[PDB]
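Structure first, then comments.
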Ligand SMILES: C1=C(CCNCc2ccccc2)CCCC1
Ligand SMILES: [Mg+2]
């Protein structure tokens, strides 16, 4: 037999769906990875030396004993898996639950945040006859993160991040309305050598901030031509 | 339809405000589009009687408004004055577009929102009474919108029946008095067709066709949209609006012999009352005699048999014409008359005798004459059948979803004019009235119950269904295609499916465009053979508004009408188009803005095809609207699914465009279903090898790649070109290509003997096949 | 924005049992008129405001052909929504027309499904009005309004219960199966949803206008 | 691959009235065992 039910149209607001997020990140050239929710506590300490990770009571191994405070503690072994097998260019993205456990006095204070991770090593685009393969710089990676954010109608201000595992001069904190929703930037070059990773580009974003609802409002368009003007400032670099 | 509300309330007065009256009609299926007064509001002004004038050509005069002393008003109205009864504003400023010391202006015929300047009233000049009350200017004109199923509601009698049913009143139907026959000079009527099962004709002699037009009949017609002409046409127009039966009067001195209602002879000529000469067909009914033709039956009369100012004898027609025998004939000659539209929707077939008595009594009151007997030409059993309709209480319950009281069902149908007899128990046999042409099945009766009981009394419920997991195969969805193209930097456009034929011929001069028979304009006449014919105007639209960069994509239909011998050979295929003008990326500090090349655009199209697991091969395209050297045809299994390339520079310049990049692809090939099979991965490392070529310039890189992959064998995993050199050291006509060769073995480590054996085999083939010089890095 | 509103209206039915259906835009006369309980020279033709090529080939005035072909080939239950662009001489606009045919349905279920469709689309607690109207393919037929702007009643969609002759002409017994249908103009919903007043911008395709919905 | 399989199994139900429901992966004993009439990775008791 078959069950029966009433045809009721459920409430739905226009939003950036998770499926449309995958299609954008895949269009930008990233492969969806799915790594373990628990990782090694030593690699978790390498990224953030001031981390207090949630430890399993009976882990099957030492490298799967700490609930990942960041998706890098589980994605980096997957990158190293490919890098050790004659793979110059591996680009991953995962969705994506991390476990915030710092400054917590009990396990009920644990925060399980669904996030969007980005890990990219090697050249931006695959090797072709157009140019010699060279790794991305900060603005190649920011141009990809800015489009993922723009694909969800997210207005964002950037500020310098102070996360330990990041290059302090080339790492941004992604703020909306003053509060942070993630980061973007390259790994700290010291961590790149300890992990044998060449130059990596990492980023993490809260899904609740990317997969947000939106509403469009129409504004009138002027019917007369605009005017273009140029200004050339000579200002300090700071 | 327009009707004066005061005329309607003489038939039924529901004792409610005029706003609720229209909302009743609107909620009964007869939507009121507008309810406004006959004239716009203004201050209390009175039509006054002029006493004396003072010459001085303007003209100073004295008007008596019936209060105190006669006012002194100076005006230049050239109409009859000095003793006339004309409107005049006492004091104020209330005109819709206006405002012995000169105090006011002798009010004109116009500028009162209802209209020789300064028209004096006929007679019965009121002394001080507001002109709005004398002419009934505060009456309302209800603009009803009747659907074609309510053919009975095209009159006061039809509307009054609706207002009476919703308010549970009984119509004040004016008792009509018949006119007895004084003379006996009747005519003979013969019905040669079946579209006129009831024809009534009466002869009236010695009528005053040049004098009457009462004020009450002029206003009742004017507020319904009908102007006055002669007196008989006004009488037939009034009885048309009052009861719903159209009528027409002929010149009896111009009807020679028996009156025939027949089908028109093939291409029979006739000059209508609007001086228009039409040639009829054997499909349109006609009113003819024994020689000529007099009138198109039920649509418009002829200029010959028209009642002119030299007419003395008159033959009055009052017939019922079948709707299926009139529909479409009026529009065929570019005609939309009050008689034609009412006959098409359905006129009450029991009205000819009633309308004959009404017009006759009206004629005898307003004109003189000897009334002959009414000639009844009636073919019964051909009249509209009103057979009884079975209707159960279980039917209205299941079709409405809720339960209406059986008391209401029988009462609502009865008030609408139905003879409902309660057969047995709980079941009914409903006989529809003669004026309703929309009652035939039991669904029509249940709609009447919901109409009268109220659509706001329909209870809320939800449909139930069996949840069954429908068939679905994995594919590139349309919503996922929009996301991929939007990430590539394209905005979705929706252009018209029809474009200009000039641009359609500019793109492809050998095109066979599907052109419209009634295009809305010259630039929207031909259905687009390509989406470019409709997207290029939108691209030019932005460019004409300071927009350097515009990147469009549309997912619509193109109409392939080439090499088609008939219209059913048309192929309407859904396509995805891409149009790009300007730089690839918006202006930033990273690089100066520069337009795309073929490889910037190919990289985007390749990713769209890659997003749908589409394997393609590129060959040179031959589209006339493309650059021959930088155009590509996209082939899947040898057959083309689309193209991409640069617009032809001559065509690119004729349209005043920069470097434009166009592409089109069949949606059926892009949004394809797919299935992926897992193949084993090797545990053993690969071996990278390079090959440098010096080959002729006219050897495609793809042809070289598939020859390397073929002669390489199974051990060769992947190949990809990683460098092209065309600088110093390369003879003009050749080029240096550098291929990367990835070697893999499924179950072991590759030995250096196998690879060198494969490389030497590949270089030997490439040396002999293309006469090239090679190396092995 | 027209495709966004079109996807928003369809997703209510898509994830609730209905399947999106599409068809050709150049139709003939039977699937557009004769199969919809229109005898032929009926007043419901209006050959002026309908683009045509021959005498039996025209542009769609509504997406009725897909619903006709679905009934003639498939058998109830039928649960489809039919979006797509249609044409009339005034000129190109989109409208969504749903069709539901099962063993039994009623006017009560049509009103409820339409009410929460209007409520969940506009995301408001609307005041809806059901007026009686006429369509040759429905009986009883209705037209729904919403109290938009300043207390005004604006038509948003027409509906009705599928006429028995429309089911019988497609091979469906009108005694063993019931059905309703509706039809709403997409440009009407898009303007009321986004606050647009000149629908000519929908097809001028000004990149500044399109960017406002991004 | 499991994401594509997951979205295929779910779309059969989402298109048929069902809705997707997710939740945290660190659970308590009541919502994972006690409420269901009842070698597990645990943290505390
Ligand atoms: C309905 C149709 C006609 C297509 N238009 C839909 C519509 C319905 C009711 C009101 C307005 C519009 C196709 C066959 C089955 C019944
Ligand atoms: Mg009806």
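Chains as they are written, first to last, in the entry's author numbering: chain A, 477 to 714; chain B, 1 to 57, 62 to 103, 113 to 128, 132 to 793; chain D, 111 to 200, 207 to 330; chain C, 111 to 148, 159 to 165. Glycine is no exception: its CB is placed at the ideal position from the N, C-alpha and C atoms.
What residue range is occupied by the uninterrupted alpha helix (DSSP H) comprising residue i?
i: residue 233 of chain B; result: 231-238
i: residue 615 of chain A; result: 614-626
i: residue 480 of chain B; result: It is not in any alpha helix (DSSP H) - residue 480 of chain B instead sits in the beta strand (DSSP E) that spans 480-482.
i: residue 253 of chain B; result: 248-259
i: residue 582 of chain A; result: No alpha helix (DSSP H) contains residue 582 of chain A, which DSSP labels as neither H nor E.
i: residue 119 of chain D; result: 112-124
i: residue 295 of chain B; result: Here residue 295 of chain B belongs to no alpha helix (DSSP H); instead the beta strand (DSSP E) covers 293-295.
i: residue 767 of chain B; result: Taken as a continuous stretch (DSSP letters only), residue 767 of chain B belongs to no alpha helix (DSSP H), as it is neither H nor E.
i: residue 7 of chain B; result: 5-9
i: residue 300 of chain B; result: Counting along the chain, residue 300 of chain B falls outside any alpha helix (DSSP H), and DSSP gives it neither H nor E.
For residue i and residue j, which I take to be in contact (beta-carbon distance under 8 Å), what is that distance rounded to the nearest angstrom?
i: residue 319 of chain B; j: residue 287 of chain B; result: 5 Å
i: residue 332 of chain D; j: residue 255 of chain D; result: Coverage of chain D is limited to positions 111 through 330, which leaves residue 332 of chain D absent and any answer about it impossible.
i: residue 189 of chain B; j: residue 28 of chain B; result: The Cβ separation is near 19 Å, so there is no contact.
i: residue 293 of chain B; j: residue 285 of chain B; result: 7 Å
i: residue 261 of chain B; j: residue 363 of chain B; result: 6 Å
i: residue 263 of chain B; j: residue 334 of chain B; result: 5 Å
i: residue 246 of chain D; j: residue 277 of chain D; result: 13 Å between Cβ atoms; not a contact.
i: residue 38 of chain B; j: residue 135 of chain B; result: So it is not a contact: roughly 16 Å between Cβ atoms.
Quick check: is the beta carbon of residue i nearer than 7 Å to any beta carbon in chain A?
i: residue 569 of chain B; result: no
i: residue 794 of chain B; result: Nothing about residue 794 of chain B can be read from this structure; chain B reaches only from 1 to 793.
i: residue 701 of chain B; result: yes
i: residue 357 of chain B; result: no
i: residue 496 of chain B; result: yes
i: residue 304 of chain D; result: no
At least one CB of chain D closer than 7 Å to the CB of residue i: is that the case?
i: residue 453 of chain B; result: no
i: residue 501 of chain A; result: no
At what residues does the beta strand (DSSP E) containing residue i begin and finish?
i: residue 235 of chain D; result: Unbroken run through residue 235 of chain D is the alpha helix (DSSP H), 223-238; no beta strand (DSSP E).
i: residue 298 of chain D; result: 294-301
i: residue 610 of chain B; result: From DSSP, residue 610 of chain B is part of no beta strand (DSSP E); its letter is neither H nor E.
i: residue 264 of chain D; result: 254-264
i: residue 593 of chain A; result: 587-597
i: residue 656 of chain B; result: 655-663
i: residue 27 of chain B; result: Counting along the chain, residue 27 of chain B falls outside any beta strand (DSSP E), though it belongs to the alpha helix (DSSP H) covering 18-27.
Does the beta carbon of residue i sit closer than 7 Å to a beta carbon anywhere in chain C?
i: residue 25 of chain B; result: no
i: residue 610 of chain A; result: no
Residue i CB to nearest chain B CB: under 7 Å?
i: residue 260 of chain D; result: no
i: residue 271 of chain D; result: no
i: residue 562 of chain A; result: yes
i: residue 321 of chain D; result: yes
i: residue 603 of chain A; result: yes
**the segment 454-471 of chain B in contact with the segment 499-515 of chain B per 3-pair CB rule at 8 Å** = no
Short-range partners of chain C found in the segment 115-147 of chain D, where Cβ spacing is below 7 Å: 124, 125, 126 and 127
Quiz prompt | Near-chain C residues of the segment 676-694 of chain A - C-beta to any C-beta below 7 Å | solution = none
With 9 Å as the C-beta to C-beta threshold (strictly closer), list the residues of the segment 465-491 of chain B near chain C in chain order. 481, 483, 484, 485, 486, 488 and 490
Margin query: Measuring CB atoms only, is the segment 654-665 of chain A touching the segment 5-17 of chain B, in the sense that at least three cross pairs come out at less than 8 Å?
Written below: no
| said: With a threshold of 8 Å, are at least 3 pairs of Cβ atoms found where one atom belongs to the segment 674-687 of chain A and the other to the segment 582-595 of chain A? | reply: yes
Margin query: So if I threshold CB-CB distances at 8 Å, which residues from the segment 616-647 of chain B count as touching chain A?
Written below: 623 and 627
Got a sec: which bits of the segment 508-530 of chain A sit with their beta carbon under 8 Å from any beta carbon on chain B, in order along the chain?
none
Three or more C-beta pairs below 8 Å linking the segment 293-303 of chain D and the segment 440-454 of chain B | no
*asked:* Along the segment 231-253 of chain D, where does the CB come closer than 7 Å to a CB of chain B? Name the residues.
replied: 231, 246, 247, 248, 249 and 250
Could you run through the segment 282-293 of chain D and flag, in chain order, every residue whose CB is less than 7 Å away from some CB of chain B? none
Taking a Cβ distance cut-off of 8 Å, strictly less, list which residues of the segment 756-790 of chain B are near chain A, in chain order. 756
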